[PDB]
Protein chains: 2
Amino acid sequence: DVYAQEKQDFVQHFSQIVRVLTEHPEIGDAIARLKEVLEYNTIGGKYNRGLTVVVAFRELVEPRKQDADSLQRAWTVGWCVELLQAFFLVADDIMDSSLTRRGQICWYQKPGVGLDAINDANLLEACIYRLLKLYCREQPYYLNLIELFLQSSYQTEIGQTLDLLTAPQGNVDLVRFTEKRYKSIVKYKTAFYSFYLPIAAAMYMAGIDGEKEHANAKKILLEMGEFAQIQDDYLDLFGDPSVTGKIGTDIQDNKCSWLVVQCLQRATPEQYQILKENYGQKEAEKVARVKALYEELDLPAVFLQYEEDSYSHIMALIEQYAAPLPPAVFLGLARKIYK
Amino acid sequence: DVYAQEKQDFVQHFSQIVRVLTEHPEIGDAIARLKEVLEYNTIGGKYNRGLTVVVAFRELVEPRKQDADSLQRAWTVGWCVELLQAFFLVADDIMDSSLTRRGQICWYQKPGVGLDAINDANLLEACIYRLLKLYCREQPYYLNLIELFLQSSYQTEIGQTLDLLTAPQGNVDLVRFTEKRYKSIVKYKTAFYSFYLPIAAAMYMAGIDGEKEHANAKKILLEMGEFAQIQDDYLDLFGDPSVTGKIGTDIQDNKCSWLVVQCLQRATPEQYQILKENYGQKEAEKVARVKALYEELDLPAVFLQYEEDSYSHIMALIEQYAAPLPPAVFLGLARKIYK
Ligand SMILES: NCCC(O)(P(=O)(O)O)P(=O)(O)O
Ligand SMILES: NCCC(O)(P(=O)(O)O)P(=O)(O)O
Ligand SMILES: [Mg+2]
Ligand SMILES: [Mg+2]
Ligand SMILES: [Mg+2]
Ligand SMILES: [Mg+2]
Ligand SMILES: [Mg+2]
Ligand SMILES: [Mg+2]
């Protein structure tokens, strides 16, 4: 695996990122806190979004053009994608009332952190533009990268607004949980930043700035993003937290999950009433009742059939839109998403 | 007053900003929520930071160069400074546990908003870069403006970290409340975004990009920022909430206020013990005890003498560093700050 090898080399570069971001004695205490925020929240994941930048860069740039400075800028932009994700996740954990992430308690759940995590999240986002300035300022793709990260943040935030508006706390929202609504939330809240952003960053760094090539890449990557969020929704309830590193909250949070959308399409009038009575509530027995209904409607089997259909669809889109990019750019990512 | 006239003309342009930011039917609901966030949080203030952009622009640019498009870009950048402030304040109200702002309950205290305000704050920040792209993309100062707003956000966030680290909830922190600590917090948390950012934005728009001229402007503006935060700290306890539009929380939040720093410099060993026992706690009787101690040490009189000394100092800095900029750029702002 092209990711599995480059993984340890990627993590080894974190130490330099922290040193450069921690490099005015008056702000000493604030800088020591930023280092703590970085070390707790940006390290511990699979680093698939950040590694995608590095792997795509090595596949798109001519090896004679892959000098020490060029590769350093590639790893740094990969770490900017990981920082963007860390910004979103620190805040998403507060708004989703989550307990754990990447095998440890959520940063905001830590004694002595609490709602100060809001500012900590904003500092993580600020660090992206600090790194882009320090390493890419004199490059011709500088403005393209800045605008890509800003645009990806706007899209994600619009997606999170849709996610939160469809999931009001204390209100029965089954009418809102439609396939059309689900597809819009997922496109904006995760597909852009998770798949389009790292490949587009590598494309701009390789000097591929054409509107058509970015549109063709986006066509594959947004569909891959849709499947990744469906899988994330499935694992929220049916995944092993020792593997996922987090505890699911979608049922309690009244979320427009892929699971609830599939339930509503297959439920009898009686089964709809069970869902209405038990969904979007904090009671453990009500959550268990929803999971029992999902297993009764064979939703894990419906998911298994969907993964197969989605995989074939994404492969047909790679055949249609990959050119002139090497298909291996999209196949490597598809190998990581589909298990 | 050059601000008092241009105030109504500034507010009249908000309608266009909202229309352009609310201009894909799938994200309809999210866009309707963004409009609600903008209308609740960006309108209702004095608009002094946003007006500073417009007034400084008209004073720095030749009237023959002040065309309809140029002025439209000036009002828009003024509204970007107001959006940046709205982003910081929506989040600062959550972390300071505030109740009201600009005469109404804090956005997060609204029933049905709560911690979703975290995402709402992030959308306000995203809107800045949406407006810069839509109006300033083809201008030579585009990258300078983007970098100025990003740098101002980083500085402010570093300042807020320092503010929160010096004010731990549940801990007696009087040792930390020094003049040197206070001056660092204030420089970063408010002075850059409140005074340096709007003048620098107008300077870049007028084609004044020289390192020396920006350094000379900053020398005046950061000192003005220091006084504005001291006045804000004084009004937190001794101001009229019908005038300030907000309720003070500095004593309850264990903040390193200018007032507590002055108290600690003038307190007898007995008075220090009263402060230690009553500061940084939510009990109304303990807050009242701290205010009684402040009035006993004549801190409102100490503030009155400070405003006079600060005013003379800022005027001496205008005489020293204003040139070649018209002194009226700094005098107009000084007239607004000093009451
Ligand atoms: N997309 C952000 C984070 C998530 O994927 P996560 O499962 O919390 O990591 P969400 O389900 O809240 O959308
Ligand atoms: N500077 C941000 C907001 C304040 O000025 P405000 O008094 O809450 O408006 P703070 O005192 O929290 O610093
Ligand atoms: Mg979540
Ligand atoms: Mg979420
Ligand atoms: Mg999830
Ligand atoms: Mg405050
Ligand atoms: Mg504050
Ligand atoms: Mg205050």
Side-chain angles (χ1 to χ4, degrees), chain A residues 30 33 114-120 122-123, chain B residues 41 44-49 81-109 117-118 121 124-125 152-168 176-177 181-198 221-222 224-262 279-280 282 287 303 337:
Chain A
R33 170 64 168 240
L115 293 178
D116 289 359
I118 300 162
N119 190 55
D120 292 333
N122 292 326
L123 269 175
Chain B
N41 296 291
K46 293 187 278 173
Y47 316 105
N48 284 332
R49 288 155 184 85
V81 179
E82 285 303 313
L83 293 180
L84 190 68
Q85 172 169 250
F87 154 61
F88 288 124
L89 300 188
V90 166
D92 172 89
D93 284 337
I94 304 162
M95 300 180 284
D96 293 349
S97 301
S98 295
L99 295 169
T100 64
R101 160 93 51 201
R102 291 163 181 184
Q104 44 180 29
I105 68 172
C106 289
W107 176 243
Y108 86 105
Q109 294 280 17
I118 300 162
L124 285 165
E125 184 195 21
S152 300
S153 305
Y154 177 65
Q155 295 300 87
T156 305
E157 282 154 15
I158 277 298
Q160 292 286 91
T161 303
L162 224 52
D163 179 272
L164 302 161
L165 286 171
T166 312
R176 325 176 181 259
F177 306 157
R181 178 64 153 212
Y182 183 76
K183 282 186 176 160
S184 313
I185 293 171
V186 158
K187 179 197 250 266
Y188 286 93
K189 79 160 180 175
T190 47
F192 285 99
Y193 100 85
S194 294
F195 296 96
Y196 177 69
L197 164 66
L221 299 165
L222 296 187
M224 258 160 51
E226 187 181 277
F227 172 74
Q229 190 52 48
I230 286 167
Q231 174 169 254
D232 181 71
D233 289 347
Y234 170 80
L235 295 168
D236 200 73
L237 187 61
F238 298 106
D240 193 334
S242 69
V243 179
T244 70
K246 64 194 185 193
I247 280 291
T249 55
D250 291 351
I251 294 166
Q252 297 97 322
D253 290 357
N254 201 29
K255 295 296 183 188
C256 181
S257 180
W258 181 84
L259 292 174
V260 78
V261 173
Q262 299 306 309
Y279 204 80
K282 312 306 149 123
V287 179
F303 173 77
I337 305 148

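Letters A, B, ... mirror the listed sequences (proteins, then strands); counts begin at 1. Order of appearance sets the numbers: ligands from 1, and atoms from 1 within every ligand. All values below were derived from every heavy atom in this structure, side-chain atoms included, with hydrogens, water molecules and symmetry-related copies excluded.
Summary of contacts: the protein heavy atom closest to atom 4 (C) of ligand 2 is B:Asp232 OD2, 3.9 Å. Among all protein heavy atoms, the one lying closest to atom 13 (O) of ligand 2 is B:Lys189 NZ, 2.7 Å. Protein heavy atom at the shortest distance from atom 3 (C) of ligand 2 is B:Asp92 OD2, 3.4 Å. Counting protein heavy atoms only, atom 12 (O) of ligand 2 is closest to B:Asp96 OD2, 2.8 Å.
Under a 4.0 angstrom heavy-atom cut-off, B:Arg101 registers as being in contact with ligand 2.
No donor-acceptor pair under 3.5 Å is formed between the side chain of B:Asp233 and the backbone N or O of B:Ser257. At least one donor-acceptor pair under 3.5 Å links the side chain of B:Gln231 to the backbone N or O of B:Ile337. Looking only at distances, a side-chain donor or acceptor of B:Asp240 sits under 3.5 Å from a matching main-chain atom of B:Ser242.
Each of the atoms 3 (C) of ligand 2 lies under 4.0 Å from some heavy atom of B:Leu89. With ligand atoms numbered from 1 in the order given, ligand 2 contributes 6 (P), 7 (O), 9 (O) to contacts under 4.0 Å with heavy atoms of B:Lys246. Counting the atoms of ligand 2 from 1 in the order shown, those under 4.0 Å from a heavy atom of B:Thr190 are 1 (N).
Looking at B:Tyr279 and B:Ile251, their side chains come closer than 4.5 Å, going by heavy atoms from C-beta outward. Considering only heavy atoms from C-beta on, A:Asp120 comes within 4.5 Å of A:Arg33 through its side chain.
Qualifying side chain to side chain donor-acceptor pair (under 3.5 Å) partners for B:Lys187, counting only residues two or more places apart in sequence or in other chains: none.
At a 4.0 Å heavy-atom cut-off, ligand 2 does not touch B:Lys255 at all.
Of the listed residues (B:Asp93, B:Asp232, B:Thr100), just one forms a side-chain hydrogen bond (donor to acceptor under 3.5 Å, both in side chains) with B:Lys246, and that residue is B:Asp232. Checking B:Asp250, B:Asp236, B:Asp92, B:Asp163 one by one against B:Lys255, the salt bridge (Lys or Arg N to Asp or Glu O under 4.0 Å) holds for a single residue, B:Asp163.
Distances from the Mg ion (ligand 7) under 2.8 Å pick out these protein N/O/S atoms: B:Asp92 OD1, B:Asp96 OD2.
In this model, a donor atom of one side chain and an acceptor atom of the other lie less than 3.5 Å apart for B:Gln85 and B:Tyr193. Under the 3.5 Å distance criterion, with hydrogens and angles disregarded, no donor-acceptor pair is assigned to the side chains of B:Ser98 and B:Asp96.
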